[PDB]
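Data block for query-v1.cif (mmCIF, C-alpha atoms and all ligand atoms):
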```cif
data_structure
loop_
_atom_site.label_atom_id
_atom_site.label_comp_id
_atom_site.auth_asym_id
_atom_site.auth_seq_id
_atom_site.Cartn_x
_atom_site.Cartn_y
_atom_site.Cartn_z
CA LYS S 57 -124.25 75.04 -4.04
CA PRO S 58 -124.81 77.33 -7.04
CA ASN S 59 -124.67 75.75 -10.47
CA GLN S 60 -120.97 75.96 -11.22
CA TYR S 61 -121.69 75.66 -14.98
CA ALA S 62 -124.07 78.62 -15.20
CA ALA S 63 -123.51 80.76 -18.29
CA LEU S 64 -125.46 83.70 -16.81
CA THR S 65 -125.79 84.91 -13.26
CA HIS S 66 -129.09 85.19 -11.44
CA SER S 67 -128.77 88.97 -11.75
CA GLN S 68 -128.32 88.80 -15.51
CA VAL S 69 -131.39 86.58 -15.94
CA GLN S 70 -133.51 88.83 -13.72
CA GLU S 71 -132.48 91.90 -15.70
CA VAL S 72 -133.47 90.29 -19.02
CA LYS S 73 -136.80 89.12 -17.61
CA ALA S 74 -137.56 92.63 -16.36
CA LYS S 75 -136.88 94.11 -19.80
CA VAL S 76 -139.08 91.50 -21.48
CA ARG S 77 -141.83 92.39 -19.02
CA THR S 78 -141.43 96.06 -19.92
CA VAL S 79 -141.81 95.27 -23.62
CA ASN S 80 -144.79 92.98 -23.16
CA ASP S 81 -146.64 95.41 -20.92
CA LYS S 82 -146.36 98.10 -23.65
CA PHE S 83 -147.54 96.01 -26.61
CA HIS S 84 -151.13 95.70 -27.65
CA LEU S 85 -151.74 92.98 -30.21
CA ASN S 86 -154.61 92.69 -32.67
CA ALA S 87 -156.79 89.58 -32.78
CA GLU S 88 -154.67 87.58 -35.24
CA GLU S 89 -151.42 88.60 -33.55
CA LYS S 90 -152.91 87.50 -30.21
CA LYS S 91 -153.64 84.03 -31.62
CA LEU S 92 -150.02 83.65 -32.76
CA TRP S 93 -148.76 85.05 -29.46
CA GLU S 94 -150.70 82.39 -27.56
CA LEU S 95 -149.23 79.67 -29.80
CA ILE S 96 -145.76 81.07 -29.12
CA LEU S 97 -146.30 81.05 -25.34
CA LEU S 98 -147.52 77.45 -25.56
CA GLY S 99 -144.53 76.43 -27.66
CA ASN S 100 -142.11 77.94 -25.17
CA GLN S 101 -143.84 75.99 -22.39
CA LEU S 102 -143.50 72.75 -24.33
CA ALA S 103 -139.79 73.48 -24.71
CA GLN S 104 -139.50 73.17 -20.93
CA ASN S 105 -139.70 69.40 -21.37
CA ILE S 106 -136.00 69.87 -22.21
CA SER S 107 -133.66 70.63 -19.31
CA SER S 108 -130.53 72.72 -19.70
CA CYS S 109 -127.50 72.69 -17.41
CA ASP S 110 -126.19 76.23 -17.96
CA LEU S 111 -128.72 78.48 -16.26
CA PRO S 112 -128.25 79.61 -12.65
CA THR S 113 -131.51 77.81 -11.82
CA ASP S 114 -130.45 74.56 -13.49
CA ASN S 115 -129.13 71.47 -11.74
CA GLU S 116 -125.37 71.16 -12.17
CA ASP S 117 -125.75 67.39 -12.02
CA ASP S 118 -127.64 67.43 -15.33
CA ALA S 119 -124.46 68.45 -17.18
CA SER S 120 -123.52 64.85 -17.93
CA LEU S 121 -126.93 64.18 -19.51
CA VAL S 122 -126.93 67.39 -21.53
CA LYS S 123 -123.50 66.28 -22.72
CA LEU S 124 -124.96 63.20 -24.45
CA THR S 125 -127.26 65.42 -26.50
CA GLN S 126 -124.39 67.82 -27.20
CA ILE S 127 -122.17 64.98 -28.47
CA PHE S 128 -124.95 63.89 -30.80
CA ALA S 129 -125.51 67.47 -31.95
CA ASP S 130 -121.82 68.03 -32.67
CA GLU S 131 -121.52 64.77 -34.61
CA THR S 132 -124.70 65.56 -36.55
CA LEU S 133 -123.73 69.15 -37.42
CA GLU S 134 -120.37 67.95 -38.80
CA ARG S 135 -121.87 65.35 -41.16
CA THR S 136 -121.53 66.09 -44.87
CA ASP S 137 -124.37 63.77 -45.95
CA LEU S 138 -127.22 65.70 -44.28
CA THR S 139 -128.84 69.01 -45.16
CA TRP S 140 -128.82 71.82 -42.63
CA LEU S 141 -132.57 71.49 -42.10
CA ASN S 142 -132.20 67.75 -41.47
CA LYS S 143 -129.42 68.37 -38.94
CA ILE S 144 -131.48 70.94 -37.04
CA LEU S 145 -134.53 68.70 -36.92
CA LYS S 146 -132.53 65.61 -35.91
CA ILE S 147 -131.10 67.55 -33.00
CA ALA S 148 -134.54 68.87 -32.02
CA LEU S 149 -135.83 65.28 -31.98
CA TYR S 150 -132.88 63.95 -29.98
CA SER S 151 -133.10 66.78 -27.46
CA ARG S 152 -136.86 66.42 -26.95
CA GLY S 153 -136.61 62.64 -26.75
CA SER S 154 -133.73 62.73 -24.25
CA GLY S 155 -135.16 65.58 -22.19
CA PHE S 156 -131.82 67.44 -22.18
CA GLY S 157 -130.34 70.30 -24.14
CA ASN S 158 -129.12 73.87 -23.76
CA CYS S 159 -130.11 76.96 -25.69
CA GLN S 160 -129.17 75.70 -29.17
CA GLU S 161 -131.11 72.49 -28.69
CA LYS S 162 -134.14 74.23 -27.20
CA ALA S 163 -134.25 76.80 -30.01
CA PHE S 164 -134.02 73.98 -32.55
CA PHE S 165 -136.91 72.25 -30.77
CA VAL S 166 -139.22 75.27 -31.00
CA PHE S 167 -138.18 75.77 -34.64
CA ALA S 168 -139.17 72.14 -35.33
CA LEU S 169 -142.42 72.48 -33.41
CA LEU S 170 -143.47 75.60 -35.29
CA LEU S 171 -142.34 74.17 -38.64
CA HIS S 172 -144.62 71.21 -37.99
CA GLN S 173 -147.48 73.57 -37.09
CA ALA S 174 -146.82 75.61 -40.25
CA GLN S 175 -147.83 72.61 -42.35
CA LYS S 176 -151.44 72.91 -41.26
CA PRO S 177 -153.88 74.71 -43.59
CA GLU S 178 -153.88 78.49 -43.06
CA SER S 179 -151.41 78.26 -40.20
CA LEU S 180 -150.45 81.61 -38.75
CA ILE S 181 -146.76 80.62 -39.05
CA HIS S 182 -145.18 82.15 -42.16
CA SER S 183 -141.43 82.48 -41.49
CA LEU S 184 -138.94 81.09 -39.00
CA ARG S 185 -135.46 82.49 -38.35
CA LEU S 186 -132.91 80.99 -35.97
CA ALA S 187 -130.27 83.52 -34.92
CA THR S 188 -127.63 83.87 -32.21
CA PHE S 189 -126.10 86.42 -29.86
CA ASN S 190 -122.67 84.80 -29.77
CA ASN S 191 -123.75 81.32 -28.56
CA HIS S 192 -127.24 82.32 -27.30
CA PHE S 193 -129.79 80.99 -29.83
CA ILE S 194 -133.25 82.51 -30.27
CA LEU S 195 -136.07 82.10 -32.79
CA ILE S 196 -137.81 84.92 -34.67
CA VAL S 197 -141.32 84.05 -35.88
CA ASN S 198 -142.96 85.93 -38.76
CA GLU S 199 -140.41 88.73 -38.24
CA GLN S 200 -142.92 89.76 -35.54
CA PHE S 201 -141.98 87.88 -32.34
CA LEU S 202 -138.82 86.70 -30.63
CA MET S 203 -138.81 83.44 -28.67
CA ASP S 204 -136.12 82.46 -26.18
CA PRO S 205 -137.05 78.95 -25.00
CA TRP S 206 -133.85 78.69 -22.98
CA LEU S 207 -135.15 81.44 -20.71
CA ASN S 208 -138.87 80.71 -21.34
CA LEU S 209 -139.33 84.30 -22.53
CA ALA S 210 -140.87 85.84 -25.63
CA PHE S 211 -141.86 89.27 -26.85
CA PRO S 212 -143.28 91.03 -29.91
CA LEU S 213 -141.18 93.13 -32.26
CA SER S 214 -142.11 96.53 -33.68
CA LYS S 215 -143.00 96.24 -37.37
CA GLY S 216 -140.24 97.69 -39.54
CA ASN S 217 -138.20 98.35 -36.41
CA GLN S 218 -137.43 95.04 -34.73
CA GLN S 219 -134.09 96.28 -33.40
CA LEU S 220 -136.04 98.45 -30.93
CA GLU S 221 -137.06 95.54 -28.71
CA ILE S 222 -134.07 93.32 -29.48
CA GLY S 223 -131.59 96.10 -28.76
CA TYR S 224 -133.34 96.92 -25.49
CA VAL S 225 -133.84 93.42 -24.10
CA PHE S 226 -130.50 92.07 -25.30
CA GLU S 227 -128.38 95.18 -24.81
CA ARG S 228 -124.76 94.08 -24.15
CA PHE S 229 -125.37 90.58 -25.59
CA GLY S 230 -123.67 91.57 -28.84
CA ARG S 231 -124.66 91.38 -32.46
CA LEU S 232 -127.45 89.10 -33.60
CA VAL S 233 -126.17 86.80 -36.36
CA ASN S 234 -128.46 84.67 -38.49
CA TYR S 235 -128.12 80.88 -38.39
CA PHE S 236 -130.91 79.33 -40.48
CA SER S 237 -134.22 80.57 -41.82
CA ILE S 238 -137.23 79.58 -43.89
CA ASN S 239 -139.23 82.38 -45.51
CA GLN S 240 -142.88 82.55 -46.52
CA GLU S 241 -142.03 81.24 -50.01
CA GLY S 242 -140.49 78.09 -48.53
CA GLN S 243 -136.94 79.15 -49.36
CA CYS S 244 -134.17 78.19 -46.93
CA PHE S 245 -131.11 80.24 -46.00
CA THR S 246 -127.93 79.59 -44.03
CA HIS S 247 -125.30 82.02 -42.79
CA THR S 254 -123.37 86.58 -45.19
CA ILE S 255 -126.68 84.90 -46.07
CA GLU S 256 -126.66 82.01 -48.53
CA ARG S 257 -129.60 80.17 -50.04
CA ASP S 258 -129.81 76.46 -49.14
CA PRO S 259 -131.48 74.65 -52.06
CA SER S 260 -130.55 71.23 -50.66
CA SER S 261 -132.63 71.83 -47.54
CA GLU S 262 -135.50 72.95 -49.79
CA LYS S 263 -135.34 69.71 -51.80
CA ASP S 264 -135.16 67.78 -48.49
CA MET S 265 -138.00 69.68 -46.78
CA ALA S 266 -140.78 67.12 -47.32
CA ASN S 267 -138.60 64.26 -46.11
CA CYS S 268 -137.45 66.20 -43.05
CA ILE S 269 -141.04 66.96 -42.05
CA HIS S 270 -142.10 63.34 -42.61
CA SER S 271 -139.22 61.33 -41.14
CA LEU S 272 -138.37 63.42 -38.07
CA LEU S 273 -141.55 65.37 -37.17
CA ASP S 274 -144.68 63.49 -38.25
CA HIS S 275 -146.40 61.03 -35.90
CA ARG S 276 -144.43 62.21 -32.86
CA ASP S 277 -146.61 63.50 -30.00
CA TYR S 278 -143.67 65.85 -29.26
CA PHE S 279 -144.20 68.02 -32.28
CA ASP S 280 -148.00 68.04 -32.57
CA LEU S 281 -150.37 70.62 -31.08
CA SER S 282 -154.13 70.10 -30.78
CA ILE S 283 -155.55 73.20 -29.08
CA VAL S 284 -155.20 74.96 -32.45
CL CL E 1 -151.28 77.59 -36.62
MG MG E 2 -148.39 87.21 -38.17
#
```
Could you render the structure from this file as structure tokens?
Ligand SMILES: [Cl-]
Ligand SMILES: [Mg+2]
Amino acid sequence: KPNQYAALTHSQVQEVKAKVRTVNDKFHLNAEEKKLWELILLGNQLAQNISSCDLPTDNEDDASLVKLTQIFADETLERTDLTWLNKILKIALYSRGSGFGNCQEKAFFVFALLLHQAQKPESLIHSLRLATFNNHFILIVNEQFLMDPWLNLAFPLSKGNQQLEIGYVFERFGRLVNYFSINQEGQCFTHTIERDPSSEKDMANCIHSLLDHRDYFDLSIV
């Protein structure tokens, strides 16, 4: 029985994977870019500790467990007493702890993981940008790589020309719309783009209370 809740067909997933392979086979990375690329591949693997229910390869019976994470995420996103960064990180933590979540939750998880890693001295992580094709969330790292933990795919982006790879791989997925970002100066932005000074003020507490001392969000090979 195919997964009746699949949001993409097997054919659609295969076509995206083939385009990602085309991009990756054509890129050559320098030594520092290769280090970040390896971190990105590792982070996408760690995101597979979270199961979705909306891929054609997923188990339809996991929909009721994903739903518990989705209820929490919806309640959290609607709260008026939390910053946007806190909401995103709370959902990342709930999704990783439960083991269930779809593309939004898995993108939030990798955002949280890489934000934690960015606190280390001379981390190669400098900017993080969550963005969406309609409801399909992805993460752009350093304006140089795109990560899709839902599909366990990633690829580099041409400098000064990132729409080349994005427009090829995600042709027919629609316009990419920003959701939340942190730049190299530590400034936070929501989506037109609006600065989010409350998340900036809250950044240290978000990192401490939701990310620190959780084996989930810590990497050691680096
Ligand atoms: Cl790092
Ligand atoms: Mg870089």
### Best match for closeness to ligand CL 1 (chain E) among S:124, S:269, S:92, S:196, counting all atoms listed in the file
S:92
### Query
Residues at most 7 Å from range 151-154 of chain S, counting all atoms listed in the file, excluding those fewer than 4 positions away in the same chain, as a VMD selection string?
chain S and resid 105 to 106 125 147 161 165
### Task
Within 10 Å of residue 245 in chain S, counting all atoms listed in the file, which residues show up once you throw out same-chain ones fewer than 2 positions away? Write them as an MDAnalysis selection string, please.
chainID S and resid 140:141 185 234:239 242:243 247 255:259 261:262
### Message
Let me see if you get this right: every residue at most 8 Å from ligand CL 1 (chain E), counting all atoms listed in the file, written as a count of residues only.
### Response
11
### Message
Using all atoms listed in the file for the distances, tell me which of S:267, S:190, S:175, S:240 is nearest to ligand MG 2 (chain E).
### Response
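Closest to ligand MG 2 (chain E), using all atoms listed in the file: S:240.
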### Query
For ligand MG 2 (chain E), which residue out of S:117, S:199, S:241, S:280 is the nearest one, using all atoms listed in the file?
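Among the listed residues, the smallest separation from ligand MG 2 (chain E) belongs to S:199.
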### Query
Please, which residues have at least one atom within 10 Å of an atom of ligand MG 2 (chain E), using all atoms listed in the file, listed as a list in words?
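Every residue with an atom at most 10 Å from ligand MG 2 (chain E) is listed here: residues 86, 88, 89, 90, 91, 92, 93, 179, 180, 181, 182, 183, 197, 198, 199, 200 and 201 of chain S.
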### Message
List the spatial neighbours of residue 76 in chain S as an MDAnalysis selection string - criterion: any atom at most 10 Å away, only C-alpha atoms, same-chain residues fewer than 5 positions off excluded.
### Response
chainID S and resid 70:71 81 209:212 221:222 224:226
Could you write those residues out with C-alpha atoms, as a PDB file, keeping the file's coordinate frame?
```pdb
ATOM      1  CA  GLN S  70    -133.510  88.830 -13.720  1.00  0.00           C
ATOM      2  CA  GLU S  71    -132.480  91.900 -15.700  1.00  0.00           C
ATOM      3  CA  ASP S  81    -146.640  95.410 -20.920  1.00  0.00           C
ATOM      4  CA  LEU S 209    -139.330  84.300 -22.530  1.00  0.00           C
ATOM      5  CA  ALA S 210    -140.870  85.840 -25.630  1.00  0.00           C
ATOM      6  CA  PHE S 211    -141.860  89.270 -26.850  1.00  0.00           C
ATOM      7  CA  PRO S 212    -143.280  91.030 -29.910  1.00  0.00           C
ATOM      8  CA  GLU S 221    -137.060  95.540 -28.710  1.00  0.00           C
ATOM      9  CA  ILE S 222    -134.070  93.320 -29.480  1.00  0.00           C
ATOM     10  CA  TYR S 224    -133.340  96.920 -25.490  1.00  0.00           C
ATOM     11  CA  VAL S 225    -133.840  93.420 -24.100  1.00  0.00           C
ATOM     12  CA  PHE S 226    -130.500  92.070 -25.300  1.00  0.00           C
TER      13      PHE S 226
END
```
### Query
Taking only C-alpha atoms into account, which of S:103, S:228, S:118, S:146 comes nearest residue 131 in chain S?
S:146
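Residue nearest residue 268 in chain S within the list S:158, S:230, S:214, S:168: S:168 [criterion: smallest interatomic distance, only C-alpha atoms].
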### Task
Considering all atoms listed in the file, state which residue in the set S:57, S:84, S:75, S:123 is at the smallest distance from residue 227 in chain S.
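So, comparing all the options, the nearest one is S:75.
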### Query
At a cut-off of 6 Å from (-142.7, 75.0, -30.0) in the coordinates of the file, what residues are picked up using all atoms listed in the file, written as JSON, numbers by chain?
{"S": [99, 100, 166, 169, 170]}
### Query
Any idea what the distance is between CA of residue 203 in chain S and CA of residue 275 in chain S?
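Taking CA of residue 203 in chain S as the start and CA of residue 275 in chain S as the end point, the length is 24.7 Å.
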### Point-to-point distance in Å for CA of residue 128 in chain S and CA of residue 59 in chain S
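Computing the Euclidean distance for CA of residue 59 in chain S and CA of residue 128 in chain S yields 23.5 Å.
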### Between CA of residue 148 in chain S and CA of residue 244 in chain S, distance in Å (one decimal)
17.6 Å
Using only C-alpha atoms, list the residues that have an atom at most 9 Å from (-140.3, 82.2, -18.9), coordinates as in the file, as a short mmCIF file (atom, residue, chain, number, x, y, z; two decimals) with C-alpha atoms, in the frame of the given file.
```cif
data_model
loop_
_atom_site.label_atom_id
_atom_site.label_comp_id
_atom_site.auth_asym_id
_atom_site.auth_seq_id
_atom_site.Cartn_x
_atom_site.Cartn_y
_atom_site.Cartn_z
CA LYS S 73 -136.80 89.12 -17.61
CA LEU S 97 -146.30 81.05 -25.34
CA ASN S 100 -142.11 77.94 -25.17
CA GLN S 101 -143.84 75.99 -22.39
CA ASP S 204 -136.12 82.46 -26.18
CA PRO S 205 -137.05 78.95 -25.00
CA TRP S 206 -133.85 78.69 -22.98
CA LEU S 207 -135.15 81.44 -20.71
CA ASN S 208 -138.87 80.71 -21.34
CA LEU S 209 -139.33 84.30 -22.53
CA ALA S 210 -140.87 85.84 -25.63
#
```
Hey, could you patch up range 95-114 of chain S with N, CA, C and O atoms and hand it over as an mmCIF file, keeping the file's coordinate frame?
```
data_model
loop_
_atom_site.group_PDB
_atom_site.id
_atom_site.type_symbol
_atom_site.label_atom_id
_atom_site.label_comp_id
_atom_site.auth_asym_id
_atom_site.auth_seq_id
_atom_site.Cartn_x
_atom_site.Cartn_y
_atom_site.Cartn_z
ATOM 1 N N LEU S 95 -149.940 80.845 -29.310
ATOM 2 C CA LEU S 95 -149.230 79.670 -29.800
ATOM 3 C C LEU S 95 -147.766 79.717 -29.392
ATOM 4 O O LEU S 95 -147.169 78.699 -28.993
ATOM 5 N N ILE S 96 -147.157 80.895 -29.491
ATOM 6 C CA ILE S 96 -145.760 81.070 -29.120
ATOM 7 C C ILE S 96 -145.546 80.795 -27.632
ATOM 8 O O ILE S 96 -144.597 80.099 -27.234
ATOM 9 N N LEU S 97 -146.436 81.307 -26.775
ATOM 10 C CA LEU S 97 -146.300 81.050 -25.340
ATOM 11 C C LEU S 97 -146.415 79.560 -25.052
ATOM 12 O O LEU S 97 -145.670 79.006 -24.235
ATOM 13 N N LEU S 98 -147.364 78.892 -25.697
ATOM 14 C CA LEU S 98 -147.520 77.450 -25.560
ATOM 15 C C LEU S 98 -146.267 76.711 -26.025
ATOM 16 O O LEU S 98 -145.785 75.797 -25.354
ATOM 17 N N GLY S 99 -145.726 77.092 -27.173
ATOM 18 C CA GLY S 99 -144.530 76.430 -27.660
ATOM 19 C C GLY S 99 -143.349 76.585 -26.730
ATOM 20 O O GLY S 99 -142.581 75.647 -26.532
ATOM 21 N N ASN S 100 -143.190 77.762 -26.132
ATOM 22 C CA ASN S 100 -142.110 77.940 -25.170
ATOM 23 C C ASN S 100 -142.330 77.071 -23.944
ATOM 24 O O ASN S 100 -141.364 76.552 -23.368
ATOM 25 N N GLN S 101 -143.581 76.886 -23.513
ATOM 26 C CA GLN S 101 -143.840 75.990 -22.390
ATOM 27 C C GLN S 101 -143.454 74.568 -22.731
ATOM 28 O O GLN S 101 -142.838 73.863 -21.918
ATOM 29 N N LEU S 102 -143.825 74.115 -23.931
ATOM 30 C CA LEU S 102 -143.500 72.750 -24.330
ATOM 31 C C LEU S 102 -141.998 72.532 -24.400
ATOM 32 O O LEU S 102 -141.520 71.422 -24.142
ATOM 33 N N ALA S 103 -141.235 73.575 -24.713
ATOM 34 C CA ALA S 103 -139.790 73.480 -24.710
ATOM 35 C C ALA S 103 -139.232 73.200 -23.332
ATOM 36 O O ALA S 103 -138.098 72.714 -23.238
ATOM 37 N N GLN S 104 -139.994 73.443 -22.272
ATOM 38 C CA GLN S 104 -139.500 73.170 -20.930
ATOM 39 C C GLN S 104 -139.529 71.694 -20.580
ATOM 40 O O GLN S 104 -139.149 71.330 -19.463
ATOM 41 N N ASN S 105 -139.975 70.832 -21.496
ATOM 42 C CA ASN S 105 -139.700 69.400 -21.370
ATOM 43 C C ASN S 105 -138.246 69.060 -21.633
ATOM 44 O O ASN S 105 -137.865 67.890 -21.528
ATOM 45 N N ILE S 106 -137.435 70.040 -22.005
ATOM 46 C CA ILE S 106 -136.000 69.870 -22.210
ATOM 47 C C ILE S 106 -135.285 70.675 -21.133
ATOM 48 O O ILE S 106 -135.536 71.878 -20.970
ATOM 49 N N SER S 107 -134.409 70.009 -20.386
ATOM 50 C CA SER S 107 -133.660 70.630 -19.310
ATOM 51 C C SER S 107 -132.275 71.019 -19.780
ATOM 52 O O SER S 107 -131.558 70.211 -20.377
ATOM 53 N N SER S 108 -131.884 72.249 -19.484
ATOM 54 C CA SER S 108 -130.530 72.720 -19.700
ATOM 55 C C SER S 108 -129.701 72.501 -18.444
ATOM 56 O O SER S 108 -130.216 72.156 -17.384
ATOM 57 N N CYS S 109 -128.401 72.748 -18.561
ATOM 58 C CA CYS S 109 -127.500 72.690 -17.410
ATOM 59 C C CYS S 109 -126.717 73.971 -17.206
ATOM 60 O O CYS S 109 -125.817 73.997 -16.353
ATOM 61 N N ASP S 110 -127.019 75.030 -17.954
ATOM 62 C CA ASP S 110 -126.190 76.230 -17.960
ATOM 63 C C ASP S 110 -126.929 77.477 -17.506
ATOM 64 O O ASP S 110 -126.414 78.583 -17.712
ATOM 65 N N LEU S 111 -128.094 77.344 -16.917
ATOM 66 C CA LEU S 111 -128.720 78.480 -16.260
ATOM 67 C C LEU S 111 -128.450 78.448 -14.766
ATOM 68 O O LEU S 111 -128.199 77.391 -14.181
ATOM 69 N N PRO S 112 -128.510 79.601 -14.097
ATOM 70 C CA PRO S 112 -128.250 79.610 -12.650
ATOM 71 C C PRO S 112 -129.292 78.856 -11.858
ATOM 72 O O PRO S 112 -129.007 78.454 -10.720
ATOM 73 N N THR S 113 -130.460 78.608 -12.438
ATOM 74 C CA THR S 113 -131.510 77.810 -11.820
ATOM 75 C C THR S 113 -131.453 76.347 -12.205
ATOM 76 O O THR S 113 -132.259 75.565 -11.701
ATOM 77 N N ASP S 114 -130.537 75.947 -13.077
ATOM 78 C CA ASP S 114 -130.450 74.560 -13.490
ATOM 79 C C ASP S 114 -129.698 73.727 -12.456
ATOM 80 O O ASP S 114 -129.009 74.239 -11.575
#
```
